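**Student:** 3D, please:
(chains A, B and C, ligands or ions: 3)
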Amino acid sequence: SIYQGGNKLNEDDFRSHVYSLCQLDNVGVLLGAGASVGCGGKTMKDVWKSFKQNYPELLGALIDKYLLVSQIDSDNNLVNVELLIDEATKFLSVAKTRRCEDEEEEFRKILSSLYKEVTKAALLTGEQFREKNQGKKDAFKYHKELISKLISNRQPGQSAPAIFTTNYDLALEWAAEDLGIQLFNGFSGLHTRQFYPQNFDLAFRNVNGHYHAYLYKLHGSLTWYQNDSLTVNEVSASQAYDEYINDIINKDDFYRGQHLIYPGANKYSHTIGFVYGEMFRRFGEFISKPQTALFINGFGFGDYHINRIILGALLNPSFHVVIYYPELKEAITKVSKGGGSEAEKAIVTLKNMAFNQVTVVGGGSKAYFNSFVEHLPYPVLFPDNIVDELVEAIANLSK
Amino acid sequence: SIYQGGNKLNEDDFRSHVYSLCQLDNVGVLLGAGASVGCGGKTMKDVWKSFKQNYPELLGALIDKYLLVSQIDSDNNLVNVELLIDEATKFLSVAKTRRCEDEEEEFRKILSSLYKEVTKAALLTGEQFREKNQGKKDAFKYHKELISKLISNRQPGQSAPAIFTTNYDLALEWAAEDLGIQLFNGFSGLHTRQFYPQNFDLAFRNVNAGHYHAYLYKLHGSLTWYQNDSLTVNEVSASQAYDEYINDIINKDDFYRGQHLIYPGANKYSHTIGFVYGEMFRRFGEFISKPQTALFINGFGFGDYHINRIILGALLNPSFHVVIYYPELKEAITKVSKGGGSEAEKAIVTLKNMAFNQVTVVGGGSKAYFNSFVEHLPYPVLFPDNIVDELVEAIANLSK
Amino acid sequence: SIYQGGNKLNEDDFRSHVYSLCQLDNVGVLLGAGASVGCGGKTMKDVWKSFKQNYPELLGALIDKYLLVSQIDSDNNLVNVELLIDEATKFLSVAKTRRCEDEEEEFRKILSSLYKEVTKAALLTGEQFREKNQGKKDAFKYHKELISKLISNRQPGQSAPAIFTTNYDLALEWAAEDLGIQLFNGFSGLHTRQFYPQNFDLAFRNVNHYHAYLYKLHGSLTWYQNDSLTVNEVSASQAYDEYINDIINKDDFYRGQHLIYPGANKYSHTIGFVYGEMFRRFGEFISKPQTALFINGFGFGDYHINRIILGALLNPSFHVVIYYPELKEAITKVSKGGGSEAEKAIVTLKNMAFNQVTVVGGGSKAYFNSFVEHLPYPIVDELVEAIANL
Ligand SMILES: Nc1ncnc2c1ncn2[C@@H]1O[C@H](COP(=O)(O)OP(=O)(O)OC[C@H]2O[C@H](O)[C@H](O)[C@@H]2O)[C@@H](O)[C@H]1O
Ligand SMILES: Nc1ncnc2c1ncn2[C@@H]1O[C@H](COP(=O)(O)OP(=O)(O)OC[C@H]2O[C@H](O)[C@H](O)[C@@H]2O)[C@@H](O)[C@H]1O
Ligand SMILES: Nc1ncnc2c1ncn2[C@@H]1O[C@H](COP(=O)(O)OP(=O)(O)OC[C@H]2O[C@H](O)[C@H](O)[C@@H]2O)[C@@H](O)[C@H]1O
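**Tutor:** Numbering: from 1, shown residues only, chains lettered A, B, ... in the order given. Ligands and ions are numbered 1, 2, ... in the order given. For reference, the structure is listed below:
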């Protein structure tokens, strides 16, 4: 269930290790798309089912004329969405050069439908997306505990925690604004909010309140748009819903560059994108510094970039990592049978190393977001220890 | 029924935490109108009960014509005094603007008939208000104990304790004058006492090194303060105050003309002649924005907007600890579970559900009274070997 | 006329004195409603005249039945509307509580008309109010200079400049945003903004870039109190889509205790708390040592600001500079028997025998624009265009 360096580890020692791992100089987390399942989110598996059910006509064309997907994989619902986008874009680009009008519309329809399906699963509240004070609900009660535990475990003279994510939903912002705390994401201004890369080096100070954190979104957001003027703007949720989200969801018009996101395999296709590179540079720079700990939850290991970056970080004798993977036993069994997908071989390789700096936690339902939040400890405000634990010695001498 | 951070803890851990808190850089306390119940005071509910009995026709007119209070709200004892006073003042002002005649005098009578109950309930002793040695009785023992416990625990090179209150009575001055302690109030002189804001930074000093003193802040004025036409604040003794201007209030009727400085109102910013009220709150705000600070609250009912806001906004510091006493706690949770309850019943339950270790809430009914509050305070240890007795700790207890 | 406590000095002495004042520890700038006329602002006189000439049918009722407008002041255009709105709201609340059905609908018309007249003179851009980068226009040019130089004067290790304004229009925010400088106004968040008073003591510092404070005395067009008992804030576009557009382009509709401008709802603690906070912060700043305050665009028509300014003059290190143009006319009016209490208060400061007060009067001598270019002084476009060519 719990492995450290290829061996087996118990529970009490695991808790003691986790407690000691939160006292280092740098602590950070990385949250995937499975972390927001309890708040009302979806998963890429359900997107395929929704697309298949809602659009029964385009699937036939895709499987018949263009041979972009196999029949058995479609029936089993085990197809990769992040890969079909690249093939569809390549097909669209090839046809547009030779002036073939019939194929362009048929591929634009597929792209518009798939993008419409993707965006709808990030609202988390349906039509209630345009209301206010959504952070007071009971669903967003564990994010608040996570933030409180991450920030309360700090000593004066240390650095602030950092949070990395690969989602689009506005759960972290709502949870943080509920408690009245401020997060920094490189934006500033109210009426005209822009992106300034140098706003990541600013911290609070008392002239005569010391509670803040950073937040990096590695794949954009649902409220960021570009006007092609080499600038990026951010607006509120109700403003965005009134502007373009409602039209995209309901009017079923053709998709354009209303909002910038990165669904796909090759992230370098967007040449004029200068945000993605900046965020990944900050991630890589944060990793390299010594005396660092990192907790990973909700990640499916389906990205070449991230799991290629992680592997090279273990040559530093000051980097510790904790990885949660629910369905570990199935992957272990299936790799020995001949092999499986590329996502599972990576996690199997990590488990089998011989360094005492990698820990993998499995166990199905007990390696979820709630359990991960529960494992984090509370600080001890006031540290005799010479007789305090010796009082119970009299009690246990009463056999 | 003791909670911190949403969890629960026992008595021994609570007492150890209380002992730990008392030896910080700064220590303070905040009292309310519930702490004077044991000394002979009364709450606003008794004030309303007396008013409804003593003025039948005024209540009837209010119910029938002016419609300020509904028939169902009054009988079940759920009315409010601050909002009623504010609404009556607004109605009087609009009546004056409309140049009315009967409404003006009727609302003047209504307003003048209300301050009498407050002044009557603020005496704590009755006819013996203008007498000497009032602190020698047995009704002020616990206040003396609290003052002694607060003063004794301090170490050389630290800051003097501070006390805040929202009362009109003199339960603290009588107790402090019996022991010989010299409180600093913000006044000077004997034959003419004036409010100088610059005296809040003065400390005693002996040429050969009495050493015991403390500060007192009254947030809502006092019963012994009157403002002259020269925009000055003067303080007198109890005997002179009783003799000159407060005797006529009880015996006679309709003779209230800004005689004493009190704020029974929900909002005080509309009143634009009071600057001491803004003076005390600056010190209160400055006190709770310093590192290594602790604060105890007892007798407060969370009925003030400004205090609630300033307390809530002060929890963002990482070196602030607070203890709150609130006797009827289970009922508030039960009423909130249905989504209802008053705003006061919601402010307390919101605080209890925080995820920080820097907040503590105590309930239990009769276990969270003023008498029990003083008992939890620890006596200092003088000479401490304390390292060899811990060896004997196991030996001493050998029953079986 | 340019007099310094009753004496006269050349321009060089004035420049040296203002330079010495600008080299103090604490500085502050106070602006009134007269500062907005440089880009499309309006004064009380013009709006009152327009209301008189547009709705004369209900002015007689306001005088005969309610007794709200002084006839002599109305003819002389010497009436305050800010107090009138507050008393109208009080009257409406009293009528609603008393359950007077006939009288309840009467005050809706006057309140709607007053709010329609008020909001027409605060957009400053008309129908283009909901666009972006509106601070880039040439109209908001001297505001950039004022803010930039005020920030530039401050030396390292000292405090930050403060700005007090009575206008309730989005004027300084555009200039601050387009300049590239952050300002703190006691609000935080993006999706749901709330008012936290304790934000006026924060600062920035690079771990390996300054700011300024703004105090809106009477609120703004964006601050509004929703159904919940909390104070919020919205952007210009959202407010325009929500309520600003309707009240200007609708027949008759009134919500009630919803909006928090201009200094209107002071009878509610939830709404009066912010006003009290601004008053307290102003008073606290005024009563600090070695402070210099610059006044401009204020008509001295308030019974509260004048007295609190007068009381603070006890300290020998509190300098006040006033910019009131019509000084010689004031002297001529004072010469005869007739006079006004406001102008008597204004001319009282000229009876001082110490070199701290300096009153500037005349024509262009004391204007909000001219006041801007009195403080001392402290490409990319070509490259941007070259890049934009592709
Ligand atoms: N309740 C739960 N709590 C935690 N983890 C869970 C839970 N339920 C399932 N899981 C695990 O959550 C995981 C679900 O994996 P998926 O979200 O499809 O893969 P990814 O995270 O790489 O996709 C993120 C995409 O978002 C970007 O836009 C890019 O397109 C990324 O590819 C499995 O391990 C489940 O067992
Ligand atoms: N024996 C007791 N010992 C301690 N506390 C007690 C006791 N009995 C009751 N309490 C608590 O004492 C508290 C007071 O009951 P509340 O009805 O809020 O008092 P008020 O209405 O007279 O005015 C209270 C303040 O609110 C106003 O705005 C003014 O600022 C007043 O100062 C409750 O928690 C009681 O349970
Ligand atoms: N270009 C100009 N240059 C100089 N002064 C000017 C200019 N244009 C106008 N003025 C002067 O600007 C002045 C405008 O005076 P008022 O608008 O009454 O002052 P406030 O609103 O700031 O005062 C606030 C109070 O007003 C409310 O009623 C409440 O009582 C508020 O508390 C006149 O003297 C003009 O000559």
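**Student:** look at the residue of chain A found nearest chain C and give its secondary structure.
**Tutor:** Relative to chain C, the nearest point of chain A is residue A:205 (4.1 Å; CB to the nearest CB). From N, CA and C alone the C-beta is placed, and that goes for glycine too. Secondary structure, DSSP: H, G, I helix; E, B strand; the rest coil: residue A:205 is strand.
**Student:** my guess is it contacts residue C:205. True?
**Tutor:** Yes: counting by CB atoms under 8 Å, residue C:205 is a contact partner of residue A:205 at 4.5 Å.
**Student:** so what sits against both of those two?
**Tutor:** Among the neighbours of residue A:205, none is also in contact with residue C:205 (CB atoms under 8 Å, 6 or more residues apart in numbering or on different chains).
**Student:** which element is residue A:238 on?
**Tutor:** Using DSSP states H and E, residue A:238 maps to helix A:237-240.
**Student:** what's that helix in contact with?
**Tutor:** With CB under 8 Å, 6+ apart, helix A:237-240 has contacts from A:129, A:130, A:132, A:170, A:222, A:223, A:259, C:191, C:235, C:237, C:238.
**Student:** can you do 6 Å?
**Tutor:** A:130, A:223, C:191, C:238 (CB atoms under 6 Å, 6 or more residues apart in numbering or on different chains).
**Student:** centre of the chain to stretch A:135-152, how far?
**Tutor:** 17 Å (CA atoms, centre = their mean, to the nearest Å).
**Student:** what is the neighbour count of the residue in the stretch 151-300 of chain A positioned nearest to chain B?
**Tutor:** Proximity of the stretch 151-300 of chain A to chain B (CB to the nearest CB) peaks at residue A:209, 4.3 Å away. If you count neighbours by other CB atoms under 10 Å in any protein chain shown, residue A:209 ends up with 19.
**Student:** between the contacts of helix A:237-240, which sits nearest ligand 2?
**Tutor:** The closest of the contacts of helix A:237-240 to ligand 2 turns out to be residue C:191 (CB to the nearest ligand atom; 33.8 Å).
**Student:** point out the residues in chain A that sit beside chain B.
**Tutor:** Within reach of chain B by CB under 6 Å from any CB of the partner chain, chain A has these residues: A:145, A:148, A:209, A:211, A:382, A:387, A:394.
**Student:** show me which of these are buried.
**Tutor:** A:145, A:148, A:209, A:211 (16 or more other CB atoms under 10 Å in any protein chain shown).
**Student:** pick out the most distant pair among those.
**Tutor:** A:145 and A:209 (20.7 Å; CB to CB).
**Student:** ok, then the element right after the helix ranked longest in chain A?
**Tutor:** As assigned by DSSP state H, the longest helix anywhere in chain A is helix A:101-120. Using DSSP H and E, the helix or strand that directly follows helix A:101-120 along the chain is helix A:142-152.
**Student:** with just CA atoms, put that following helix into PDB.
**Tutor:** What follows is helix A:142-152, C-alpha atoms only, in PDB (Å, rounded to 0.1, in the frame of the first residue of the first chain):
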ATOM      1  CA  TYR A 142     -11.700  20.900   2.300                       C
ATOM      2  CA  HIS A 143      -9.900  23.500   0.100                       C
ATOM      3  CA  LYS A 144     -10.200  25.900   3.100                       C
ATOM      4  CA  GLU A 145      -8.700  23.300   5.400                       C
ATOM      5  CA  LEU A 146      -5.900  22.700   2.900                       C
ATOM      6  CA  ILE A 147      -5.000  26.400   2.700                       C
ATOM      7  CA  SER A 148      -5.200  26.900   6.400                       C
ATOM      8  CA  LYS A 149      -2.900  23.900   7.200                       C
ATOM      9  CA  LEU A 150      -0.500  24.900   4.400                       C
ATOM     10  CA  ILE A 151      -0.100  28.500   5.700                       C
ATOM     11  CA  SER A 152      -0.300  28.000   9.500                       C
END
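**Student:** which residues touch the residue of the stretch 101-250 of chain A found nearest ligand 3?
**Tutor:** Using CB to the nearest ligand atom, the closest approach of the stretch 101-250 of chain A to ligand 3 is made by residue A:191 at 24.1 Å. Residue A:191 makes contacts with C:235, C:236, as judged by CB under 6 Å, 6+ apart.
**Student:** please redo it, this time with the cut-off set to 7 Å
**Tutor:** Residue A:191 sits next to C:173, C:174, C:177, C:235, C:236 when contact means CB atoms under 7 Å, 6 or more residues apart in numbering or on different chains.
**Student:** residues of chain A that sit close to chain C?
**Tutor:** A:132-133, A:173-174, A:177, A:180, A:182, A:188-192, A:201-208, A:236-239 (CB under 7 Å from any CB of the partner chain).
**Student:** which SS class is residue A:28?
**Tutor:** Per three-state DSSP, residue A:28 ends up strand.
**Student:** near ligand 3, which residues of chain A?
**Tutor:** Residues of chain A lying close to ligand 3 (CB under 6 Å from any ligand atom): none.
**Student:** now do the strands in chain A.
**Tutor:** Using DSSP state E, the strands found in chain A span residues A:2-4, A:7-8, A:26-31, A:162-165, A:182-184, A:187-188, A:194-195, A:202-206, A:212-217, A:224-226, A:232-234, A:292-297, A:319-324, A:358-361.
**Student:** now the ones you listed in CSV, please, with extra columns for mean neighbour count.
**Tutor:** What follows is the strands of chain A, written out as CSV (neighbours: other CB atoms under 10 Å in any protein chain shown):
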stretch, mean neighbour count
strand A:2-4, 18
strand A:7-8, 9
strand A:26-31, 21
strand A:162-165, 20
strand A:182-184, 17
strand A:187-188, 16
strand A:194-195, 16
strand A:202-206, 14
strand A:212-217, 18
strand A:224-226, 19
strand A:232-234, 19
strand A:292-297, 21
strand A:319-324, 21
strand A:358-361, 22
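**Student:** JSON lines for these, including distance to ligand 2?
**Tutor:** Below are those laid out as JSON lines (distance: least, CB to the nearest ligand atom, whole Å):
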{"stretch": "strand A:2-4", "distance to ligand 2": "50"}
{"stretch": "strand A:7-8", "distance to ligand 2": "56"}
{"stretch": "strand A:26-31", "distance to ligand 2": "41"}
{"stretch": "strand A:162-165", "distance to ligand 2": "41"}
{"stretch": "strand A:182-184", "distance to ligand 2": "33"}
{"stretch": "strand A:187-188", "distance to ligand 2": "41"}
{"stretch": "strand A:194-195", "distance to ligand 2": "47"}
{"stretch": "strand A:202-206", "distance to ligand 2": "31"}
{"stretch": "strand A:212-217", "distance to ligand 2": "35"}
{"stretch": "strand A:224-226", "distance to ligand 2": "47"}
{"stretch": "strand A:232-234", "distance to ligand 2": "43"}
{"stretch": "strand A:292-297", "distance to ligand 2": "44"}
{"stretch": "strand A:319-324", "distance to ligand 2": "46"}
{"stretch": "strand A:358-361", "distance to ligand 2": "48"}
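**Student:** for those, which one sits closest to ligand 1?
**Tutor:** strand A:292-297 (6.5 Å).
**Student:** what strands line up against that closest one, and which way round?
**Tutor:** Strand A:292-297 pairs in its sheet with strand A:26-31 (parallel), strand A:319-324 (parallel), by DSSP bridges.
**Student:** and stretch A:92-105, how far apart are its ends?
**Tutor:** 9 Å (CA to CA, to the nearest Å).
**Student:** oops, could you answer that again for stretch A:1-9 instead?
**Tutor:** By CA to CA, the extent of stretch A:1-9 from end to end equals 8 Å.
**Student:** do stretch A:261-275 as well
**Tutor:** Chord length of stretch A:261-275, first to last residue, is 11 Å (CA to CA).
**Student:** with stretch A:251-268 instead?
**Tutor:** 31 Å.
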